[PDB]
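There is one chain below, alone, in structure tokens, taken in the form deposited without the ligand.
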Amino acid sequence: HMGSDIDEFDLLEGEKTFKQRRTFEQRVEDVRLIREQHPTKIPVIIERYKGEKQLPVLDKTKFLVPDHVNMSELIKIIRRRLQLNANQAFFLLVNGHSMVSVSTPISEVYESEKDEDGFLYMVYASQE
């Protein structure tokens, strides 16, 4: 009888992101200030994926990255700061996906992937 006897229930259970801490206009003004005073740097927000239990949390989520730095170098930096073991899986996701081009400047990435507010958002995880 195709599991007709089985019913579903939503199980409930019992620290804010940058977008939660700052309004859109506040973020746009931050980016304006960065563009004015640090024209060769890319504003980048890096946060831990919601629900990630393997990787620790970083002490800083807001970064200025020199234009020439590529994703491989950024991954190395973040892994070092998280103090990960060499065999630990790690992914740095931009708009939910891994970047294919890991040798190109982050400014080039920025032009494709930036948020409407002008920040570039990344999330790190031990999967995806």
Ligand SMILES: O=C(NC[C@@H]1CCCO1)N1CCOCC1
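For every residue, the number given is its place in the sequence shown, counted from 1. Definition used throughout: the rigid core is the maximal C-alpha set that superposes within 1.5 Å between two forms.
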Handout entry: RMS CA shift, core-fitted in 9 other deposited structures of this protein, bigger for 88-96 or for 43-51
Key = 88-96
Fill in the blank from the handout: Ranked by mean Cα B-factor in the entry, 47-55 and 27-35, top stretch is 47-55
Completion exercise
Between 81-89 and 67-75, the record assigns the higher mean Cα B factor to 81-89
Fill in the blank from the handout: Per the deposited B-factor column, the C-alpha that peaks among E111, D10, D115, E13 belongs to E13
Completion exercise
Tertile call for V123 (CA temperature factor, within chain, third-based) is the lowest
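This next part talks about the form solved in complex with the ligand, which is not shown.
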Handout entry: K53 within 4.5 Å of the ligand in the entry with it bound, heavy atoms
Key = no
Completion exercise
Checked 99-128 against the ligand in the entry with it bound; residues with a heavy atom within 4.5 Å, sequence order, are none
